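Let's start with one chain on its own, the form solved without the ligand, as structure tokens.
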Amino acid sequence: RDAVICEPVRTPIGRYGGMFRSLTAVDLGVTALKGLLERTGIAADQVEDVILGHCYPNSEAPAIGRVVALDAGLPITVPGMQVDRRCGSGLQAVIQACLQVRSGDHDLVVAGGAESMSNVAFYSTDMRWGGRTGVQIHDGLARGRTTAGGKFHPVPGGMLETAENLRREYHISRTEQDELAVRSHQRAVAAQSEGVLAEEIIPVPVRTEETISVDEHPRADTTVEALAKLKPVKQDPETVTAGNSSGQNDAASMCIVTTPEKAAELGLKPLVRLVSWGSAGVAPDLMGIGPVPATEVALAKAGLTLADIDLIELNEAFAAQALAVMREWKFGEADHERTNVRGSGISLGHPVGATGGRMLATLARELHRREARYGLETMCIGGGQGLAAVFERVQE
């Protein structure tokens, strides 16, 4: 049977050290889950699983989907869990949700993700047996950018270093990177004033006490010449800056995964059905490229071609990387009309575990507005993976 995506929402996205700094990963996940339960008016004991992508877990919130479920209201009967496949976790959550619905096992579940990058722990592995060795304290954000490909493939400079390796290989200009970057920002400010972001966003309360419903990172005044001033993050004379990559961010996303039968039974409005998905492994040092083998596998299974897709959500982890995926797909200037229309990672940010759910929110809602048929969501994944899902619109 089919699996259908209803009421895909998300908090606004905050900067690392910005407006949501006082709020935990749970706090955000809780608001977003209450926001979904409110808009859909579902009976709480109807949710059979809360499955959340979450990339910097710790003992503050074990099996985070269960914690978010309890802390948000839901009864003691609702199970939950945590998934990590780095940048692709939000979509991993969704795919897992779809699988356990389509098998007949569950009729309705929550899929989403939660990231408080502002609040990721500092940790040590030296304090338990004592520090022969000294004691090191790792920053969970810094340290995660160097360990994702294991011992045999270290990458000291993180995903940032891997996005330099793609610029090198596919010969992509600084001008073009920033030119993509301006598009992202303009489409993000334009999507705000167009009012279309209000349906995606659950407003979040925070104390000084006020309510916030506008994303923090998108700037109207961003321009090409302004961007060209910025310093490329010494080791290489020849293009990635805080301006042409996505930053570190706070946010959560939720959506309901269900059958058309059950959706009709509870007054729900299906926006899309999962046609297919693909996963892939590429070189850690070339992680950016992940969407290519994965988009092939998902298109292959859907018996479809890249040109049948009316809308594409490709995460802009780094502009160089986005363009490199766009080289492989043989993308010309006309293709930007159908790619990240409400913006993406560079303007909005990349709150790792929640990104998946945000892209789904924008894919399934713009696809229902343009009355087009097919959508693709794909992203690279630190450590050298890529994940893609092909979605199709639902009619009445």
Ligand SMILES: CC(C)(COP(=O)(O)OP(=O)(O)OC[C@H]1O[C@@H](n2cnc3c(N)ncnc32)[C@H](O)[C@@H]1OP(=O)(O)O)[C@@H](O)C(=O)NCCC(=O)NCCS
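All residue numbers refer to positions in the sequence shown, first residue = 1.
Below: the form solved in complex with the ligand, not depicted.
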item	value
One residue of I202, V233, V297, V275 in contact with the ligand, assessed in the deposited complex (non-hydrogen atom, 4.5 angstroms)	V233
Of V109, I289, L197, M159, the one that lies within 4.5 Å of the ligand in the deposited complex (heavy atoms)	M159
Contact label in the deposited complex: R145 to the ligand, heavy atom within 4.5 Å	yes
Distance check, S246 to the ligand in the deposited complex, heavy atom within 4.5 Å	yes
4.5 Å heavy atom contact, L227 to the ligand in the deposited complex	yes
Touches the ligand in the deposited complex: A317 (any heavy atom, 4.5 Å)	yes
Listed range touching the ligand, judged in the deposited complex by heavy atoms within 4.5 Å, from 305 to 313, 77 to 85, 219 to 227, 252 to 260	219 to 227
